[PDB]
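> just the first chains of my complex for now:
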Amino acid sequence: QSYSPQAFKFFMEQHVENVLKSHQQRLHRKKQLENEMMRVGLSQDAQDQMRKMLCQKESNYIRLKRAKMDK
């Protein structure tokens, strides 16, 4: 199944921008969580729990993106 060149070009540009942005946003959520969690708290066990569920959510997201659940 052949694609037109303009389509592919667009896909690549959009994809690269998407990858870089998604990476940056991931790191941003991690840092944000760490900062707010550090600000008015808290035990270390709690930090471990929150980090665990967050990482689980991220992995789930990239799994859904892998599963082409966007349609």
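Yes, it's here. Residues are numbered from 1 along each chain as shown, chains lettered A, B, ... in the order given.
> what is the neighbour count of residue A:63?
Applying the criterion other CB atoms under 10 Å, we find 10 residues in the vicinity of residue A:63. All C-beta atoms are positioned from the backbone trio N, CA, C, and that covers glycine.
> from the contact counts, what lies against the strand or helix carrying it?
Element membership of residue A:63 [criterion: DSSP states H and E] is helix A:44-66. In this structure, helix A:44-66 makes packing contacts with helix A:5-39, judged by 3 or more CB pairs under 8 Å, 6 or more residues apart in numbering; DSSP states H and E.
> please tell me how far the helix it packs on is from the chain's geometric centre.
Counting by CA atoms, centre = their mean, to the nearest Å, helix A:5-39 is centred 6 Å from the centre of its parent chain.
> got the angle for that helix vs helix A:44-66?
Interaxial angle, helix A:5-39 versus helix A:44-66 (axes from the mean of the first three to the mean of the last three CA atoms, to 10 degrees): 170 degrees.
> which elements pack onto helix A:5-39?
Other helices and strands packing on helix A:5-39, by 3+ CB pairs under 8 Å, 6+ apart, are helix A:44-66.
> now do the SS call for residue A:70.
The three-state label for residue A:70, taken from DSSP: H, G, I helix; E, B strand; the rest coil, comes out as coil.
> quick check: phi and psi at it.
According to degrees, to the nearest 10, the main-chain angles of residue A:70 amount to phi -100, psi 110.
> same question for residue A:43.
Main-chain torsions, residue A:43, degrees, to the nearest 10: phi -60, psi 170.
> count of neighbours near the residue lying closest to residue A:54 once chain neighbours are set aside?
By the measure of CB to CB, 6 or more residues apart in numbering, the closest residue to residue A:54 outside its immediate chain neighbours is residue A:33, 6.1 Å from it. When counting by other CB under 10 Å, one arrives at 14 neighbours for residue A:33.
> put chain B on too:
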Amino acid sequence: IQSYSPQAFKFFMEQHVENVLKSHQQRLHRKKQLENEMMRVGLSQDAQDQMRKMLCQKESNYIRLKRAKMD
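Placed with the earlier chains, chain B looks like this:
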């Protein structure tokens, strides 16, 4: 059942309520903004219906991915 600490639960609750109100306010903002900008451009009724369909679809999809699971 898996035991979470109190500090974790509290933190999550505090963060979550604020998130709920924020998401609500943002949703209404996107809807109103779309209505105003589309009214400004001056568009057919079919076209406005189309744009609203796409926005509603994007929102519904958004909360659907958020449901299981998203970050």
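> chain B added, so what about the neighbour count of residue A:63 now?
The criterion is other CB atoms under 10 Å in any protein chain shown. On that basis, residue A:63 has 11 neighbouring residues.
> how near is it to residue B:61?
Distance check for residue A:63 against residue B:61: by CB to CB, to the nearest Å, it reads 17 Å.
> next one: residue A:53
With distances taken as CB to CB, residue A:53 is found 23 Å from residue B:61.
> close to chain B: what parts of chain A are there?
With the criterion set to CB under 8 Å from any CB of the partner chain, chain A comes near chain B through A:29, A:36-37, A:41-43, A:45-46, A:49-50, A:54, A:56-58, A:60-61, A:64, A:69-70.
> now residue A:23: how far from residue A:17?
Summarising the geometry, the distance separating residue A:23 from residue A:17, computed by CB to CB, is 11 Å.
> ok, residues contacting stretch A:10-29?
Stretch A:10-29 is contacted from outside by A:54, A:58, B:71, using CB atoms under 8 Å, 6 or more residues apart in numbering or on different chains.
> which of those residues tops the neighbour count?
For those, neighbours were counted using other CB under 10 Å, and residue B:71 has the most, 19 neighbours in all.
> hmm, it is touching residue A:57, no?
Yes. With contacts defined as CB atoms under 8 Å, residue B:71 counts as touching residue A:57 at a distance of 4.5 Å.
> quick test: name the residue nearest the centre of chain A.
Residue closest to the average C-alpha location in chain A (CA atoms, centre = their mean): residue A:26, at 4.4 Å.
> OK, contacts around residue A:37?
Remark: with contacts taken as CB under 8 Å, 6+ apart, residue A:37 is in contact with A:46, A:47, A:50, B:11.
> just the closest of those to residue A:5, please.
Of all the contacts of residue A:37, the one sitting nearest residue A:5 is residue A:50; the distance, using CB to CB, is 46.2 Å.
> tack on chain C:
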Amino acid sequence: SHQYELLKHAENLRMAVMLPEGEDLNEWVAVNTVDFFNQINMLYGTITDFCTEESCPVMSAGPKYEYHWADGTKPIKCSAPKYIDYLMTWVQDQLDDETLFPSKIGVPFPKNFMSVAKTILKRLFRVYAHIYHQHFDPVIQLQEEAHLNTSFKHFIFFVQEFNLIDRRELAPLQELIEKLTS
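Next up, chain C placed on what we already have:
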């Protein structure tokens, strides 16, 4: 007497619950149901060391009401943690079902979604009631009163917004619901 606190930095809640403009009802109900599922899950997770076989020999929401398990497949007289274990496991199995709770975009909800949703919400409320009645002082001492009341206020606001639980089920906490909803 006894103030119910509530939190704090924000509370809209009512507004928060309302079905958005042109949003599918089933999707909204689904999302909120999942959220409340997690909330109640870790909520009961904090006081799991107090709700033991000895402390709570039977799933009780006050001396007036007593709950028994049977759905997952002959009602069983279970304790608090065992009953709640069965409950949360069942709901977990419902949420993980790709048929009732679609993960894909194009996939629509079944016609009987609202039924199992209302069932889920009933039972989750049963958990709320049990925590509020039997294991409430630990919640106070853990300083989770504000969070528990806020969660329950949100839950009740949602349920009432869409009439997903009969008042006959809400009976064990009606005295509280009347107070929180003002």
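> again for what packs on helix A:44-66, since chain C is there now?
Other helices and strands packing on helix A:44-66, by 3 or more CB pairs under 8 Å, 6 or more residues apart in numbering or on different chains; DSSP states H and E, are helix A:5-39, helix B:6-41.
> residues in contact with that helix?
Outside of helix A:44-66, the residues that reach it under the criterion CB under 8 Å, 6+ apart are A:26, A:29-30, A:33, A:37, B:4-5, B:7-8, B:11-12, B:65, B:68-71, C:103.
> now swap in stretch C:113-122 and tell me
Here stretch C:113-122 makes contact (CB under 8 Å, 6+ apart) with C:26, C:29-30, C:33, C:36-37, C:71, C:91, C:94, C:100, C:159, C:164-165, C:169.
> among the residues you listed, name the buried ones.
Burial of these was assessed by neighbour count (16 or more other CB atoms under 10 Å in any protein chain shown); the buried members are C:26, C:29-30, C:33, C:36-37, C:91, C:94, C:100, C:159, C:164-165, C:169.
> can you lay out the residues you listed as TSV showing distance to chain A and secondary structure?
Putting those into TSV (distance: CB to the nearest CB, whole Å; DSSP: H, G, I helix; E, B strand; the rest coil) gives the following:
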residue	distance to chain A	secondary structure
C:26	18	helix
C:29	20	helix
C:30	15	helix
C:33	18	helix
C:36	16	helix
C:37	14	helix
C:91	18	helix
C:94	18	helix
C:100	16	coil
C:159	25	helix
C:164	26	coil
C:165	28	coil
C:169	30	helix
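> name all residues that make contact with residue C:177.
Applying CB under 8 Å, 6+ apart, we find residue C:177 in contact with C:156, C:170.
> quick check, it in a helix?
Yes. With three-state DSSP as the criterion, residue C:177 is part of a helix.
> measure it to chain A for me?
Here the distance between residue C:177 and chain A works out to 30 Å (CB to the nearest CB, to the nearest Å).
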